[PDB]
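Q: Take this structure first; my questions come after.
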Amino acid sequence: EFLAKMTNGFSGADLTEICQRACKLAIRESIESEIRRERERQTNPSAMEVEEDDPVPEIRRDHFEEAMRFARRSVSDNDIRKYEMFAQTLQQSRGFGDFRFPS
Amino acid sequence: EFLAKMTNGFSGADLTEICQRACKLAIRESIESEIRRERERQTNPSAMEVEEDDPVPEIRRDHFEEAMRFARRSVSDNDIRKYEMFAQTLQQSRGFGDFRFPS
Amino acid sequence: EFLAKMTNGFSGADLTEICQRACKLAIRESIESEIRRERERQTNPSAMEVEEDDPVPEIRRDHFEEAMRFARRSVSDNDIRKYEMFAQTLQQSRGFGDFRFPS
Amino acid sequence: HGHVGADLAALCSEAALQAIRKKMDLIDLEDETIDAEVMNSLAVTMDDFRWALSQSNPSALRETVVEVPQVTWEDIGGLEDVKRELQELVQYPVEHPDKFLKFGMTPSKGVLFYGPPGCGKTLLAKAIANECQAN
């Protein structure tokens with residue numbers, strides 16, 4: 001809900017991108033975390049993690065906090081006024097307005 | 001390294017040309033040096049070079065020092081600003097910037 | 001001399017600017033160094049610098065090394081060709097060339 | 001480049017015939033029946049192959065060719081951000097295809113380079129193909 005009312009003028013195809021940028025930003029760290037775990041210097045059987053450590057099991061908070069920095073609204077204000085102007089080109093129930101039948 | 005930081009605004013397709021101009025400038029001198037060696041006046045068997053003299057066995061320093069004089073940058077400054085301007089046409093993570101989730 | 005042959009296409013009014021940017025970048029540090037010297041916590045007469053310490057007595061090397069980062073050539077290549085083209089609009093001793101008086 | 005197997009058989013035969021044809025000083029008209037000297041004592045040398053390659057043998061190939069390139073990453077140094085980005089967009093959907101299925105991110109299907117003309121675009125695009133061992 002806090003991510004909802006912060007993105008204000010964003011189109012529906014723009015905030016569907018940041019929930020892929022955050023997934024890419026977490027897959028980068030989950031690939032990179034497995035590099036050091038196999039590249040342990042003197043990788044000895046002593047004190048070995050027989051259990052999977054799972055450093056990134058799910059998308060955390062700072063992935064969205066970092067993926068939000070590259071957000072950009074695609075539609076401007078100058079072109080939404082074009083569709084509002086076409087909506088005004090439809091006469092939009094304007095003219096006389098209310099009248100009543102006689103009694 | 002001294003030839004690296006001297007060529008500053010050169011594109012990757014321009015300095016690949018001077019390492020062919022220097023090769024052409026050394027092949028010219030290696031062709032020309034064999035002309036006088038067969039055109040020795042009174043070419044006698046006395047004091048004959050039975051060994052190959054090899055005047056240009058490899059590209060020397062002054063070939064690059066002479067081939068550099070015909071260098072020319074192909075891309076100007078007025079057209080790299082066009083690609084920078086298209087990079088600015090992408091919104092480039094500009095707008096609100098940093099925000100944080102509440103605690 | 002190393003600063004001479006590095007700035008290649010720079011006009012005479014552009015490299016007269018970096019020897020003021022470096023002076024401004026050293027005056028900033030010489031103003032800032034006097035702030036901490038009067039703002040010493042428990043500024044006691046013990047171990048007092050009776051001599052002037054003079055942290056920046058002259059422009060050092062890294063001031064030029066940092067002031068060079070903001071350099072920009074003002075004249076492009078597209079406009080120096082205009083003056084070369086006007087120099088070619090003067091006919092520039094072209095035509096017949098060498099002739100000799102008869103003997 | 002462009003030769004097929006029959007063209008290479010023709011190249012071998014033409015090089016052997018050029019090595020025969022240079023030995024006409026012994027293969028003469030006076031000896032119609034050829035003696036057993038040159039029949040087993042003639043070996044082909046390298047300039048015969050260069051002659052038979054250069055003077056003849058037009059290649060019968062004009063269409064595309066599939067291969068792994070042999071350019072390397074240090075052939076164009078720098079651009080570490082571009083190297084990290086191309087690694088994230090090519091290597092990881094194929095070297096680790098299960099982690100892309102753990103949290104459902106679909107892979108992208110292509111980037112678009114753009115820049116000044118002639119700054120090593122193809123020599124950069126072939127590098128990830130060589131690194132991934134990809135055609």
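Order determines the names: the first chain of the structure tokens is A, the second B, and so forth; residues in each chain are numbered 1 upward, and ligands are numbered 1 upward as they are shown.
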Find the residues in chain A near chain B: any atom within 12 Å counts, using only C-alpha atoms. Write them as an MDAnalysis selection string.
A: chainID A and resid 1:4 6:10 18 60:76
Q: Write down, as a list in words, each residue of chain B that has any atom within 9 Å of an atom of chain D, counting only C-alpha atoms.
A: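 Therefore, the residues near the partner are residues 11, 12, 13, 14, 75, 79, 80 and 83 of chain B.
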Q: Those same residues, written as a PDB file, in the first residue's frame with N, CA and C atoms?
A:
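Everything below was put into out.pdb:
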```pdb
ATOM      1  N   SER B  11      38.060   7.043 -32.476  1.00  0.00           N
ATOM      2  CA  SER B  11      37.185   5.888 -32.449  1.00  0.00           C
ATOM      3  C   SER B  11      37.999   4.612 -32.611  1.00  0.00           C
ATOM      4  N   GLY B  12      37.349   3.481 -32.342  1.00  0.00           N
ATOM      5  CA  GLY B  12      38.022   2.200 -32.434  1.00  0.00           C
ATOM      6  C   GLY B  12      38.347   1.775 -33.848  1.00  0.00           C
ATOM      7  N   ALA B  13      37.721   2.396 -34.840  1.00  0.00           N
ATOM      8  CA  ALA B  13      37.983   2.086 -36.233  1.00  0.00           C
ATOM      9  C   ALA B  13      38.989   3.032 -36.859  1.00  0.00           C
ATOM     10  N   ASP B  14      39.458   4.030 -36.120  1.00  0.00           N
ATOM     11  CA  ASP B  14      40.465   4.947 -36.630  1.00  0.00           C
ATOM     12  C   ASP B  14      41.868   4.554 -36.233  1.00  0.00           C
ATOM     13  N   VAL B  75      34.666  10.576 -35.891  1.00  0.00           N
ATOM     14  CA  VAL B  75      33.491  11.103 -35.215  1.00  0.00           C
ATOM     15  C   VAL B  75      33.836  12.467 -34.628  1.00  0.00           C
ATOM     16  N   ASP B  79      28.191  15.094 -33.083  1.00  0.00           N
ATOM     17  CA  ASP B  79      27.368  13.906 -33.241  1.00  0.00           C
ATOM     18  C   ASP B  79      27.429  12.952 -32.060  1.00  0.00           C
ATOM     19  N   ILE B  80      28.443  13.047 -31.200  1.00  0.00           N
ATOM     20  CA  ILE B  80      28.401  12.266 -29.970  1.00  0.00           C
ATOM     21  C   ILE B  80      27.420  12.885 -28.985  1.00  0.00           C
ATOM     22  N   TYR B  83      24.015  11.165 -29.454  1.00  0.00           N
ATOM     23  CA  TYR B  83      23.783   9.927 -28.727  1.00  0.00           C
ATOM     24  C   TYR B  83      23.644  10.182 -27.244  1.00  0.00           C
TER      25      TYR B  83
END
```
Q: Report, in Å to a single decimal, how far apart CA of residue 52 in chain D and CA of residue 33 in chain D are.
A: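 Atom-to-atom, CA of residue 33 in chain D and CA of residue 52 in chain D are spaced 27.3 Å apart.
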